[PDB]
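Below you'll find only one chain, the form deposited in one PDB entry, shown as structure tokens.
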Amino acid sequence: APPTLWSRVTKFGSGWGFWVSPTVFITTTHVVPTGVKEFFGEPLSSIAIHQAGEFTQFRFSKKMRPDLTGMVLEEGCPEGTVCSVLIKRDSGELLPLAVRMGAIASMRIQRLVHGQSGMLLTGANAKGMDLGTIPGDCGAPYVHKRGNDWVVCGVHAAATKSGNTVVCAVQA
């Protein structure tokens, strides 16, 4: 994946989020800080905030990342297609994990979670930090190409104990 795409992945709350455009930022609800009066130094009164299940979208009045073009945010990931989860680690690694996307699901982990499931294509068992997702990774974007353009369709929310199955929050 290209440098500008990775530069959209931003540390946020207890996880990450993704700049879809100069003004739109998406993340996973449970990583969002609570009881705060600003995000990225902007007061709440200059941010349109919409949280729907585990999907959170912010729209800033100020142009926060004018270096960026606006990309398409899909309402979910195309079922059956291969996406990439653009994982950044706080130790500096970039780990784009290939994932084949499945159906909208609800499942009990450890608690019920609701989003789009997928299967990592990284190994036989994607347990641990080298082949799969770990605590701290939530909010990472699920992306794929459409024609010559990249699009984003979800943000990382969960993974099963074995680690092979992942769940992204989606807008719809």
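Note that residue numbering begins at 1 and tracks the sequence as displayed. Throughout, rigid core stands for the largest set of C-alpha atoms superposing within 1.5 Å between the two forms.
Just so it is clear, the following notes concern the form deposited in another entry, a form of the same protein that is not shown.
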Item to check | From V32, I134, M119, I47, residue displaced between the shown form and the other one - CA threshold 2 Å or more, rigid core | outcome: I134
Next on the checklist: Taking the rigid core as the reference frame, tell me whether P22 has a CA displacement of 2 angstroms or more between the shown form and the other one.
Outcome noted: no
Checklist entry - Relative to the superposed rigid core, does the CA atom of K11 travel 2 Å or more between the shown form and the other one? => result no
Checklist outcome for this item: Working note: in that other deposited form the C-alpha atoms of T133 and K11, off by 3 Å or more, come farther
Checklist entry - If the CA atoms of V9 and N125 move by 3 Å or more in that other deposited form, do they move toward each other or away, so closer or farther than here? => result closer
